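J.: First the structure, which I've put down as C-alpha cells, then a few questions once you've had a look.
Any read-out appearing in this document is the output of simple, stated calculations on the displayed coordinates, not a laboratory observation. Virtual Cβ from ideal backbone geometry, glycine too; neighbours counted across all protein chains shown.
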Amino acid sequence: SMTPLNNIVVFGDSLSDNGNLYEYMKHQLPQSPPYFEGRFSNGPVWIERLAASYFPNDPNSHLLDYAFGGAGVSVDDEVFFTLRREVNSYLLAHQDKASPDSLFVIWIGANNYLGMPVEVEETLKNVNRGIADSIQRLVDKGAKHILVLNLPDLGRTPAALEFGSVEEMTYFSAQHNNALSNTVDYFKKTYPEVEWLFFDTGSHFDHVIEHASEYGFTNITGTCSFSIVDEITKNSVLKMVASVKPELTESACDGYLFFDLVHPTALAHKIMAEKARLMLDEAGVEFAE
Ligand SMILES: CCCCCCCCCCCCCCCC(=O)O
C-alpha cells in the first residue's frame, strides 16, 4: 500500500475535466463565459475542490486530471476519447508504473448513455467491461488505492426530460450501477492488498433531489445556460455544449441544479466534493505533501 498519499489521478469525462478539452479546443469549447474557464460547469469541478481540500496552497501540483469532456468507454465519433486511452496516457508518462502513493479515481459512463445509443444491453455490457479492464490494468501496474464512483440517475437530466428519454436514461443508470457494484465487490475480494473506495453518487444525488431546497436549489428541471439542439445534435454531450447560445445565459444562476442540459452547476460540484471528502475521511485516507 502507501500510508500517506501524495496526489490524486482522475480518469473521467465532462463531470471531472478541469480544462483539458478546453485547451485542445483553443478555448472555443466549452465557451467561457458562460462556462467557467473550460470546465463543464459555472465553477470548479468536484475533483478540483477535493484536491484543494487536502492541498489548499498548490492543489494543481497534486492533481493529475486526465478526464476529457466527451470521454467514455469505447463501444466512432460518439466518444471524444476513451477511459483506456486516459489510463494509457498516464502510464506512458509514468514509465508504465502506477504509483502506489496516488489515489486513482474513475468516474465514467455517463457520456456513453447520454448519447442515447440504440443497443441498450451491449452498451451496458461494454461500459462495464471497459471499466473492469481499466481497473485490472491499474492494479497490474502497481495501483494500491482506487476510488470508483457510480452514476447519478441520468433520467433527472433536463436532456432526458426534454427529449422524452427519462425511462431509458434511468434504466441505463440503474443497470450500470448494479453491475458496477458487482465489479467493485469482485475486485475487493480478489485484491485485498489494494485499498478499494466507492462513492454512491446514485444515492447521494437522489438525496440532494429529495432535499433540493435544503441544499440550496430552487430549480432542478431548467438550465442556467440555454441550448437549441437538433436531432443530429441530440446525439452527444459535446454537441449539446456546442449548441449553447451564450448571450441567453441567465445572469443569476445560484439556484439552478443544472448549468446545461446535462451538467450540474458549481454548487452541485461543491456538494459532491464535500461528500466525497467525508467518505474518504471515514475510510481513513490520509494525504501529505
Ligand atoms: C454527493 C453529491 C450528490 C450530488 C451529485 C452531483 C452531480 C450531479 C449529476 C448530474 C448529471 C451529470 C451528467 C453529465 C454528463 C457526462 O458526464 O457525460
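J.: Using the structure shown, decide if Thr183 is hydroxyl-bearing (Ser, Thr, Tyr), more than 14 Å from the ligand (Cβ to nearest atom) and under 30 Å from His145 (Cβ atoms). Step through it out loud before you land on a result.
T.: Working: hydroxyl-bearing (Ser, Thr, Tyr): yes; more than 14 Å from the ligand (Cβ to nearest atom): yes; under 30 Å from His145 (Cβ atoms): yes.
When the stated conditions are applied, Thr183 passes them.
J.: Is it the case that region 42-59 has a residue that's more than 16 Å from the ligand (Cβ to nearest atom), over 18 Å from the mean Cα position of the chain (by Cα), surrounded by fewer than 22 Cβ atoms within 10 Å (Cβ to Cβ) and assigned to a helix (DSSP H, G or I)? Lay out the reasoning, then the answer.
T.: We begin by selecting, within region 42-59, every residue more than 16 Å from the ligand (Cβ to nearest atom); these are 51-52, 54-59.
Then drop every residue that is not over 18 Å from the mean Cα position of the chain (by Cα), which leaves 54-59.
Adding the requirement that they be surrounded by fewer than 22 Cβ atoms within 10 Å (Cβ to Cβ) leaves 54-59.
Subset that is assigned to a helix (DSSP H, G or I): 54, 59.
For region 42-59, residues more than 16 Å from the ligand (Cβ to nearest atom), over 18 Å from the mean Cα position of the chain (by Cα), surrounded by fewer than 22 Cβ atoms within 10 Å (Cβ to Cβ) and assigned to a helix (DSSP H, G or I): present.
J.: Take the residues in region 236-289 that are over 18 Å from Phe36 (Cβ atoms) and part of a loop (DSSP other than H, G, I, E, B), then tell me which one is nearest to the ligand (Cβ to nearest atom).
T.: By that ranking, first place goes to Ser236.
J.: So, of the residues in region 179-216 that are of a type in the set (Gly, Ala, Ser) and closer than 16 Å to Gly109 by Cα, which turns out to be surrounded by the most Cβ atoms within 10 Å (Cβ to Cβ)? Before the answer, list the steps.
T.: The first filter runs over region 179-216 and keeps only residues of a type in the set (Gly, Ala, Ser), leaving 179, 181, 202-203, 212-213, 216.
Checking which are closer than 16 Å to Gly109 by Cα leaves us with 179, 181, 202.
Details: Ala179: 18, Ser181: 15, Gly202: 21.
Checking each candidate, the answer is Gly202.
J.: In addition: Only residues that are within 20 Å of the chain's Cα centre (by Cα) and either assigned to a strand (DSSP E or B) or among the β-branched types (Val, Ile, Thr) (or both): list them for region 204-220, please.
T.: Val208, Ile209, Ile220
J.: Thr170 is checked against (1) among the hydroxyl-bearing types (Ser, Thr, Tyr); (2) in contact with an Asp or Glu (Cβ under 6 Å, 6 or more places away or on another chain); (3) farther than 30 Å from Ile220 by Cβ and fails just one. What number does that condition carry?
T.: For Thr170, the exception is condition (3).
J.: Any idea which of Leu103, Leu15, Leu64 is part of a strand (DSSP E or B) and within 29 Å of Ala242 (Cα to Cα)? Spell out the reasoning first.
T.: Working: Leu103 fails: within 29 Å of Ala242 (Cα to Cα); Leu15 fails: part of a strand (DSSP E or B).
Criteria check complete, one pass: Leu64.
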